[PDB]
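Asker: Once you've seen the sequence and the experimental structure below, I've got questions.
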Amino acid sequence: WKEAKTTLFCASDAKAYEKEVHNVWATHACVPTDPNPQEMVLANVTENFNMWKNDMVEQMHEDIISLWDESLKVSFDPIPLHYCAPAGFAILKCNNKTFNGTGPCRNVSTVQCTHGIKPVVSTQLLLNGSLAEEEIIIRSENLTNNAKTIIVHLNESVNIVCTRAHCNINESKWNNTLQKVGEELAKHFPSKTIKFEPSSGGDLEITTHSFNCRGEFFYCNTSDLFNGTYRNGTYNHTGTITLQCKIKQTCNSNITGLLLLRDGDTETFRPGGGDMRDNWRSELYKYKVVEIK
Amino acid sequence: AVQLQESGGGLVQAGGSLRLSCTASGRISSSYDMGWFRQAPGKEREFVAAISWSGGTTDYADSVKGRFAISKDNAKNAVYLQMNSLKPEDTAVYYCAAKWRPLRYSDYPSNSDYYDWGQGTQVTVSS
Ligand SMILES: *[C@@H]1O[C@H](CO)[C@@H](O)[C@H](O)[C@H]1NC(C)=O
Ligand SMILES: *[C@@H]1O[C@H](CO)[C@@H](O)[C@H](O)[C@H]1NC(C)=O
Ligand SMILES: *[C@@H]1O[C@H](CO)[C@@H](O)[C@H](O)[C@H]1NC(C)=O
Ligand SMILES: *[C@@H]1O[C@H](CO)[C@@H](O)[C@H](O)[C@H]1NC(C)=O
Ligand SMILES: *[C@@H]1O[C@H](CO)[C@@H](O)[C@H](O)[C@H]1NC(C)=O
Ligand SMILES: *[C@@H]1O[C@H](CO)[C@@H](O)[C@H](O)[C@H]1NC(C)=O
Ligand SMILES: *[C@@H]1O[C@H](CO)[C@@H](O)[C@H](O)[C@H]1NC(C)=O
Ligand SMILES: *[C@@H]1O[C@H](CO)[C@@H](O)[C@H](O)[C@H]1NC(C)=O
């Protein structure tokens, strides 16, 4: 029960016969998972957490880097990956579902492995992740610093399917989402108008919504999604909303989070991304590593 | 991830030249960009140069185009910045950086927010 750092290992449901790339990297370097769920619930116990300084994020990063590197020296469908604590250490799991990833958490649990997380490299929006339970969440190291990213957890899933390109979003689901987000931002930012506008500039992956499907890279136009005013009340001003994807040479998935950036009478937020570690921070906000005392 | 260490900084007379080097620990995979940044006294950090790890395509800040050259040696996991015709406005701490871009569409390197960072090497250009 002492906070520390140590090398972790991965658990896979990998099958040796499958030639899918996530399998072949996992078969070699991920040990078989444990059927026993394991659990150790605690309560009225407080531990400080900081999702923005967690070495667990860096460890998944270097694995996926090596995964992609050795994979692309065709199949490509990720596997949910479990990251597990070694002997002498454990993983603390904060349980306040209203937790924002920083400060004290009064409800913890003890696990030796993580929940299944498949690695999905993307920008602007987080896909196939873990939905936030109950309320929608807002996470940043410093909201005062415009440069620091803002991760928004989705408590209601929106299905997204793009085929060989265009993308499909139900307007009813999306307009629900933005109204809440701006309302949460209205709590975090006073009196200020709160607009959503597309990426001002940068690389193609950041300016579009980029993702990989079955091995082919898709970059989708986001000017249609980020186009609203959402002040007192709500209002979206764009043309089911459809986005334009560029193939470079279908996927049934659901969005689970947002990535935003603020410019510094109105406060405007734009889609972002790039550091795939923040994609990993979306699924690792709960876990911390401690040394058994 | 990649651990970076810069070298080569120091004092140089106006008009002189200096070559900076940066080597990582840890293998650099095919989708990385490597770049150089600098921070002058009391000023914000700015882009200097970048190079694509696999393709070798370069980009230079307008302030340094012609005067600096970025190069690489993949076998050594090293990147270099040859600085010629140095001027007092180049006095700064120079940082080497890496940016993993697995979803890049082209080989052209970025000039935006790099995510992995070295400790810096100081370059002082005397008037
Ligand atoms: C602590 O977490 C457990 C597990 O979710 C929950 O059952 C319990 O009600 C929580 N205690 C609180 C919120 O006081
Ligand atoms: C999602 O969070 C918002 C917070 O404003 C809440 O109003 C809404 O009911 C939640 N949806 C759920 C729990 O399905
Ligand atoms: C998170 O909650 C803590 C209180 O526990 C607060 O101090 C901090 O400002 C909050 N940060 C965000 C990004 O919500
Ligand atoms: C956030 O604002 C500035 C960064 O722009 C920093 O100096 C300040 O200390 C930060 N405050 C908090 C509470 O994070
Ligand atoms: C998205 O499409 C709009 C309209 O065609 C265009 O103005 C904008 O530049 C496009 N952005 C990208 C990143 O393709
Ligand atoms: C809502 O309208 C009032 C005036 O009726 C104004 O003073 C206030 O700033 C507005 N709030 C927002 C969040 O737009
Ligand atoms: C909002 O959408 C309309 C139509 O899709 C477009 O003409 C307009 O430029 C968008 N606003 C932006 C990109 O700021
Ligand atoms: C999301 O999961 C589905 C099946 O669960 C898969 O077919 C799809 O490729 C996944 N999407 C991404 C972006 O990994």
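Answerer: That came through, no problem. Numbers count the residues shown, from 1 in each chain, chains lettered A, B, ... in the order given. Ligands and ions are numbered 1, 2, ... in the order given.
Asker: Going by C-alpha atoms from here, please, whenever you check contacts or count neighbours.
Answerer: Fine.
Asker: OK, contacts around the residue lying farthest from the centre of chain B?
Answerer: Going by Cα atoms, centre = their mean, the residue of chain B most distant from its centre is residue B:127, 23.3 Å out. By Cα atoms under 8 Å, 6 or more residues apart in numbering or on different chains, the contact list for residue B:127 reads B:13, B:14, B:87, B:88.
Asker: Residue in chain B with the shortest distance to ligand 8?
Answerer: residue B:103 (12.5 Å; Cα to the nearest ligand atom).
Asker: How many residues are close by that residue?
Answerer: Using other Cα atoms under 10 Å in any protein chain shown, residue B:103 has 21 other residues around it.
Asker: re the thing from before, among the contacts of residue B:127, which are in helices?
Answerer: Among the contacts of residue B:127, none falls in helices (DSSP state H).
Asker: which among these end up buried?
Answerer: In the contacts of residue B:127, burial by neighbour count holds for residue B:87, counting by 16 or more other Cα atoms under 10 Å in any protein chain shown.
Asker: and residue A:179, which of the three is it?
Answerer: Per DSSP: H, G, I helix; E, B strand; the rest coil, the local secondary structure of residue A:179 is helix.
Asker: who touches it in this structure?
Answerer: For residue A:179, the contact set (Cα under 8 Å, 6+ apart) comprises A:230, A:233, A:234.
Asker: which one among the residues you listed gets closest to residue B:19?
Answerer: Taking Cα to Cα as the measure, residue B:19 lies nearest residue A:230 of the contacts of residue A:179, at 52.1 Å.
Asker: So what's the residue count around the closest one?
Answerer: With other Cα under 10 Å as criterion, residue A:230 counts 20.
Asker: Double-check residue A:212 against residue A:121; I have them as touching.
Answerer: Yes. Counting by Cα atoms under 8 Å, residue A:212 does reach residue A:121; the two are 7.3 Å apart.
Asker: Mind listing the shared neighbours of these two?
Answerer: Shared contacts of residue A:212 and residue A:121, counting by Cα under 8 Å, 6+ apart, come down to residue B:103.
Asker: Ligand 8 contacts on the stretch 51-200 of chain A?
Answerer: A:77, A:120, A:127, A:128 (Cα under 6 Å from any ligand atom).
Asker: Contacts only, for the last one.
Answerer: Shown here is residue A:128, whose contacts under the criterion Cα under 8 Å, 6+ apart are A:118, A:120, A:253, A:254, A:255, A:256.
Asker: for residue A:120, what are its contacts?
Answerer: Per Cα under 8 Å, 6+ apart, neighbours of residue A:120: A:78, A:126, A:127, A:128, A:211, A:279.
Asker: The same query, at a cut-off of 7 Å, please.
Answerer: Contacts were defined as Cα atoms under 7 Å, 6 or more residues apart in numbering or on different chains; by that measure residue A:120 touches residue A:127.
Asker: isn't there a strand covering it?
Answerer: No. Using three-state DSSP, the secondary structure at residue A:120 is coil, not a strand.
Asker: Look up how far ligand 5 lies from it.
Answerer: Going from residue A:120 to ligand 5 by Cα to the nearest ligand atom, to the nearest Å gives 21 Å.
Asker: give me every residue that touches residue A:265.
Answerer: Contacts of residue A:265 by Cα under 7 Å, 6+ apart are A:192, A:193.
Asker: where exactly do the strands run in chain B?
Answerer: B:3-7, B:10-13, B:18-25, B:32-39, B:46-52, B:58-60, B:68-73, B:78-83, B:92-100, B:116-117, B:121-126 (DSSP state E).
Asker: Run a quick neighbour tally on residue 63.
Answerer: Going with chain A. Going by other Cα under 10 Å, the residues that sit close to residue A:63 add up to 18.
Asker: you looked at the wrong chain, it should be chain B
Answerer: Count around residue B:63 with other Cα under 10 Å applied: 12.
Asker: May I ask you to confirm that residue A:25 is in contact with residue A:66?
Answerer: No. Judged on Cα atoms under 7 Å, residue A:25 makes no contact with residue A:66 at a distance of 8.7 Å.
Asker: Specify which residue of the two has the higher count of neighbours.
Answerer: Shown here are residue A:25 and residue A:66; by other Cα under 10 Å, residue A:25 has more neighbours (20 against 16).
Asker: So what touches the helix or strand hosting that one?
Answerer: Residue A:25 belongs to helix A:21-29 when elements are defined using DSSP states H and E. Contact with helix A:21-29 is made by A:12, A:14, A:15, A:16, A:67, A:71, A:75, A:76, A:77, A:78, A:79, as judged by Cα under 7 Å, 6+ apart.
Asker: now do stretch B:56-70
Answerer: Stretch B:56-70 is contacted from outside by B:47-52, B:80-85, B:107-109, using Cα under 7 Å, 6+ apart.
Asker: and if we set it to 6 Å?
Answerer: B:48, B:49, B:50, B:51, B:80, B:81, B:82, B:83, B:84, B:108 (Cα atoms under 6 Å, 6 or more residues apart in numbering or on different chains).
Asker: end-to-end on that stretch?
Answerer: 9 Å (Cα to Cα, to the nearest Å).
Asker: one step back: format the strands of chain B as a markdown table; extra columns: distance to residue A:182.
Answerer: Formatted as a markdown table, the strands of chain B follow (distance: least, Cα to Cα, whole Å):
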| stretch | distance to residue A:182 |
| --- | --- |
| strand B:3-7 | 39 |
| strand B:10-13 | 50 |
| strand B:18-25 | 42 |
| strand B:32-39 | 35 |
| strand B:46-52 | 32 |
| strand B:58-60 | 38 |
| strand B:68-73 | 44 |
| strand B:78-83 | 44 |
| strand B:92-100 | 31 |
| strand B:116-117 | 32 |
| strand B:121-126 | 43 |
